[PDB]
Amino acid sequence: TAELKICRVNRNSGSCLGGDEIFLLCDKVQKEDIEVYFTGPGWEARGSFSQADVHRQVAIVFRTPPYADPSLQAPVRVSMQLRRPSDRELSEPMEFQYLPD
């Protein structure tokens, strides 16, 4: 039922230390059944936010998670995706790059 779609973001790169605030505009989602996933080879972490951070079901403001390597020497590419935990549905991925701090 329904699909997940990332429409726009304020940024697609951030520090490998995590903690950057991201504004993500999306198609209708359910605040109690939604997450933001970051994935790379041998690594996965969720964006940090609460239900109050989901605005009118069409935008999520969250903080990026720390990357697996806190002392990056060059950019690394990971995928950012919306994920509905109930049915495991995933949105098409968006490129996100973690950078040296």
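Residue numbers here begin at 1 and follow the sequence given.
Taking only the CA atoms, which stretch has the higher mean B-factor in the record, 55-63 or 68-76? Result: 68-76.
Select between 88-96 and 8-16 the stretch whose C-alpha atoms have the higher average B-factor in the entry. In the deposited entry, the stretch with the higher C-alpha B-factor mean is 88-96.
Within this chain's modelled residues, let me know which third the CA B factor of residue 38 belongs to: lowest, middle or highest. As the PDB entry reports it, the C-alpha B-factor of residue 38 lands in the middle third of its chain.
Could you tell me which third, lowest, middle or highest, the C-alpha B-factor of residue 29 occupies within its chain? As the PDB entry reports it, the C-alpha B-factor of residue 29 lands in the highest third of its chain.
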